[PDB]
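Taking it in order: structure first as C-alpha cells, then the write-up.
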Amino acid sequence: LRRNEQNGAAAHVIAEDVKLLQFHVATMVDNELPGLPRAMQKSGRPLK
Amino acid sequence: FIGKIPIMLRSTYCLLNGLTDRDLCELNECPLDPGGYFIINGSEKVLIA
Amino acid sequence: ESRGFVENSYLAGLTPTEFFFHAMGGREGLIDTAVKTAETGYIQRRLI
Amino acid sequence: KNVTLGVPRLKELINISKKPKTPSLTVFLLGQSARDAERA
Amino acid sequence: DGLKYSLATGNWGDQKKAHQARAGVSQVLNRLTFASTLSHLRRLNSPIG
DNA sequence: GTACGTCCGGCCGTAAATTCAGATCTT
RNA sequence: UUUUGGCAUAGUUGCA
DNA sequence: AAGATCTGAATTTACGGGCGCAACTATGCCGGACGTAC
C-alpha cells in the first residue's frame with residue numbers, strides 16, 4: 001500500500017490492500033472471531 | 001503403476017500368509033504374533049474400529 | 001432376576017445375567033467418579 | 001419426593017440460575033387445614 | 001504418501017482439511033504384553049459426535 | 001538434445017435485532 | 001578455556 | 001373521531017466458556033525456472 005501511494009496507484013486496489021491489512025492486523029491480535037476465516041501459516045495450522 | 005498400498009500383516013497378501021510356524025521362525029517372526037496391523041516407517045500401527 | 005436383582009452373594013458367585021447386571025451397576029459408579037473428577041476444582045476455583 | 005441435590009444443586013446455588021431443575025414451595029398451613037386432610 | 005500419512009498420524013479425511021478430520025483412528029500398537037496387544041487389536045472406539 | 005536437480009516465487013446467559021399496543025401529536 | 005535448546009498438536013496411560 | 005406515527009415491550013441467532021497434574025509415545029510445512037554438466 002505504501003508503494004501504491006508513492007506511485008499514486010488506483011483506488012480499488014488501494015481499498016483491497018486496506019481490506020487485507022485490516023484482516024491481517026485483526027488476525028494478528030486475535031486469530032479467532034465470527035468474521036472472515038482464520039489465518040493459517042501456509043502449513044495447514046492456524047496461527048497463535 | 002499408481003501407488004503403494006500398505007499391507008496388513010498376516011493378511012492374504014502379506015508374505016507371512018499361510019506359512020508354517022517353522023518358516024515364521026526362519027524369518028524371525030513370532031508364530032504367536034496375531035498380525036492384524038500395518039508397519040508404517042517401522043512403527044506398528046493398528047486401526048481402531 | 002429379570003430386572004436385575006442379584007440373589008447370590010459374592011461367595012456364591014453370580015450367574016451370567018446377574019454378573020452382567022452387576023457390571024451395569026458398577027459402570028455408573030465408574031462414570032460418576034469420572035464426572036466428579038471432571039467437576040473437581042471448577043466449583044472450588046470459582047469460589048476461591 | 002425427587003429433588004435435585006449434590007454438585008448440580010450446589011452449582012445452581014453458586015451459579016445463580018433463572019431455571020431451577022426442581023423448583024418447589026414447601027408451603028405450610030395454619031388453620032384446621034394443617035391437621036385436617038380433607039381441608040388440606 | 002496419502003494412506004501412509006493417514007496411518008502414520010491417525011488423522012482421517014483430507015490432509016489439508018485436517019482441522020476438521022477425525023483423529024486417533026490409527027494408533028501405535030501397544031507392545032507391553034501379549035494380552036495388551038490382543039486387547040488393542042480387538043478395540044472399538046465410539047466418538048463423541 | 002535431454003534429463004536431472006537443486007535454487008527462487010506463492011447447555012445458558014446476555015445481547016442485539018424484529019414486531020405490537022399507549023400516546024402525544026396530527027388531522 | 002564450563003554448556004543445554006525445536007514450538008504447537010494428536011493419541012495412550014497413572015493417581016486422584 | 002380517525003389515523004399515522006411511533007416508541008416501549010414480547011420472541012429468534014450467536015459467542016463462549018468445558019478437572020488437578022503427572023508419565024510416555026509418535027508425527028509434522030512445494031513447483032516453476034534457471035543453469036550446468038554430460
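Order of the sequence lines sets the chain letters (A, B, ...), proteins ahead of strands, with each chain counted from 1. Side chains are part of it too, since the values below use all heavy atoms of this structure and drop only hydrogens, waters and symmetry mates.
Nucleotide G/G5 forms no Watson-Crick or G-U wobble pair with any nucleotide shown, as no partner meets the under 3.5 Å limit on both distances.
Checking G/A16, H/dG18, G/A8 against the side-chain heavy atoms of A/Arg45 singles out G/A8 as nearest.
Nucleotides G/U3 and H/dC29 place their P atoms 35 Å apart, quoted to the nearest Å. Taking atom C1' in both F/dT26 and H/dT5, the straight-line distance is 9 Å, to the nearest Å. Here the separation of F/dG9 from H/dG32, taken at their P atoms, is 15 Å to the nearest Å. Straight-line distance between the P atoms of G/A8 and H/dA22: roughly 16 Å, to the nearest whole Å. Distance check on atom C1': G/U9 versus H/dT27 gives 9 Å, rounded to whole Å. Rounded to the nearest Å, the gap between the P atom of H/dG20 and that of F/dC11 is 24 Å. Going from the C1' atom of F/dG5 to that of H/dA23 covers 46 Å, rounded to whole Å. Comparing the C1' positions of F/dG1 and H/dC30 gives a spacing of 28 Å, expressed to the nearest Å.
Judged by ring centres under 5.5 angstrom apart and ring planes under 30 degrees, H/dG20 stacks on its strand neighbour H/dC21. Under the rule of centres below 5.5 angstrom and planes below 30 degrees, the bases of H/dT7 and H/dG8 are stacked.
Taking hydrophobic clusters as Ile, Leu, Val, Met, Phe, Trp and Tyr residues chained together by side-chain heavy-atom distances below 4.5 Å, E/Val25 does not share a cluster with B/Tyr37. Residue B/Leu9 is grouped with residue B/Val46 when hydrophobic side chains (ILVMFWY) are merged at heavy-atom distances under 4.5 angstrom, including chains of intermediate members. Criterion: ILVMFWY side-chain heavy atoms under 4.5 Å apart, direct or through other members. Under it, B/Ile39 and E/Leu7 are not part of a common hydrophobic cluster. Cluster annotation: A/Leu33 and A/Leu20 are assigned to distinct hydrophobic clusters (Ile/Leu/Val/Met/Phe/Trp/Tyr, side-chain heavy-atom contacts under 4.5 Å, transitive).
For the pair C/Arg45 and H/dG20, the criterion of a side-chain N or O lying under 4.0 Å from OP1 or OP2 is met.
Formation of a donor-acceptor pair under 3.5 Å by the B/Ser43 side chain with backbone atoms of B/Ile40 is not found in this model.
The stretch residues 36-49 of chain E does not touch DNA chain H, since none of its heavy atoms comes less than 4.0 Å from the strand. Within residues 18-35 of chain A, the residues having any heavy atom under 4.0 Å from DNA chain H are, by residue number, A/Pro34. Within residues 4-22 of chain D, no residue places a heavy atom under 4.0 Å from DNA chain H.
Atom CH2 in E/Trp12 sits about 15 Å away from atom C1' in G/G11, given to the nearest Å. Regarding C/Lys36, its NZ atom lies at a distance of 16 Å from the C1' atom of H/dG20, rounded to whole Å. Per the geometry, CD belonging to B/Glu44 stands 17 Å off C1' belonging to G/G11, to the nearest Å. To the nearest angstrom, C1' of G/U13 lies 9 Å from CG of E/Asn30. Atom pair A/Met40:CE and G/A8:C1' shows a separation of 16 Å (rounding to whole Å applied). Rounded to whole Å, atom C1' of H/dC19 lies 17 Å from atom CD1 of C/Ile31.
Here the shortest heavy-atom pairing between A/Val13 and A/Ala9 reads CG1-CB, 4.5 Å.
Nucleic acid contact for C/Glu39: none, since no nucleic acid atom lies under 4.0 Å from a heavy atom of the residue.
Looking at residues two or more places apart in sequence or on another chain, you find a side chain to side chain donor-acceptor pair (under 3.5 Å) between A/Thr27 and A/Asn31. Under the side chain to side chain donor-acceptor pair (under 3.5 Å) criterion, A/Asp17 pairs with A/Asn4, not counting sequence neighbours. Taking C/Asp32 as the reference, nothing meets the side chain to side chain donor-acceptor pair (under 3.5 Å) condition, with sequence neighbours excluded. Here E/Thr9 pairs with E/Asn11 under the side chain to side chain donor-acceptor pair (under 3.5 Å) rule; sequence neighbours left out.
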Under the 3.5 Å Watson-Crick or G-U criterion, the dot-bracket string of DNA chain F, with | for inter-strand pairs: ||.|||.|..|||||||||||.|.|..
Quick one, give me the B/S/- string for nucleotides 23-30 of chain H, reading 5' to 3', where B means a protein heavy atom under 4.0 Å from the base and S means that only happens at the primed atoms, P, OP1 or OP2. ---SSSS-
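Checked for salt-bridge contact, E/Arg31 and B/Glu44 meet the test: a charged N lies under 4.0 Å from a carboxylate O.
Around atom CG of D/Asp36, more than 12 heavy atoms belonging to other residues, nucleotides or ligands sit under 6.0 Å away.
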Atom pairs and distances, donor-acceptor, side-chain atoms in residues 40-48 of chain C, under 3.5 Å, two or more places apart:
{"from": "C/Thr40", "atom 1": "OG1", "to": "C/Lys36", "atom 2": "O", "distance (Å)": "3.0"}
{"from": "C/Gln44", "atom 1": "OE1", "to": "C/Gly41", "atom 2": "N", "distance (Å)": "2.8"}
{"from": "C/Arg46", "atom 1": "NH2", "to": "D/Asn15", "atom 2": "OD1", "distance (Å)": "3.1"}

Let me have the donor-acceptor pairs involving side chains of residues 13-23 of chain E, under 3.5 Å, with sequence neighbours excluded, atom names and distances please.
{"from": "E/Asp14", "atom 1": "OD2", "to": "E/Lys16", "atom 2": "NZ", "distance (Å)": "3.0"}

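Within the structure, side chain to side chain donor-acceptor pair (under 3.5 Å) contacts touching residues 9-32 of chain B (residues at least two apart or in different chains) do not occur.
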